[PDB]
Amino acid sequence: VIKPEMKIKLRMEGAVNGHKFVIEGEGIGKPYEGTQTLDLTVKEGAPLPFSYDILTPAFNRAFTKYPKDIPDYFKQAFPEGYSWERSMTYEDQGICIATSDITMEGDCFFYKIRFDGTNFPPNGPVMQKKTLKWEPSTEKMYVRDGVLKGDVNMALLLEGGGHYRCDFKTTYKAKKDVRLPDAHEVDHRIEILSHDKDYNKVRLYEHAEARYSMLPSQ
């Protein structure tokens, strides 16, 4: 069902500190290698007055390299698909929440995404666009309420030095029952490969692989 190469189409709509926007995207990736590339285009609300980086993790764990001995919760969820719900709490009390509904048709994934953020300090790194990128991360996956949870300590590298921290909490909901995995980790590295000056057009890339702890047990 999930082919070695899968196309992507998405639409995001939302608001951040009052500013409304719409973004559409198209791309392609290799779900079994855990890699993907997206070309994103702002359709409404341009030019964005906030850091584009807060958006990028919202732009599909189907694109994750899973080893054989770990049930792949995400690929199992198709063709029916799945959704996720995510809260993103920044250390200066900025807060974002997002939802995505992910379906499938042929060799293409379709995302419908809602994104909302508020309470960002007007002179903070987000509203002043002082973020350079996300650090690579490790997301801890664990089961609760019969669905898969994901928690990851995220950090934005800042212009002029230092980091800006955010805690992600995600709930992944498959639309049909699947084999539930044991607790494990997912390494991430997301990064903007290119963009125009106002980030109206952005090329976005993620690499993800699932694994257990690399340390042995006594």
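Numbering starts at 1 and follows the sequence shown.
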| Deposited residues absent from the coordinates between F59 and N60, none, 1 to 3, 4 to 9, or 10 or more? | 1 to 3
| query | On average, are the C-alpha B-factors higher in 84 to 92 or in 104 to 112? | reply | 104 to 112
| query | Say you rank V152, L55, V186, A46 by Cα B-factor from the PDB entry; which sits at the top? | reply | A46
| task | Rank-wise, by C-alpha B-factor, drop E24 into the lowest, middle or highest third of its chain. | result | middle
| Record-listed C-alpha B factor of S137: chain third | lowest
| CA B-factor placement of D196, once the chain's modelled residues are sorted into thirds | highest
| request: For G117, return the chain-relative third of its C-alpha B-factor as stated in the PDB record: lowest, middle or highest. | output: lowest
| Lowest, middle or highest third of the chain for the C-alpha temperature factor of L157? | middle
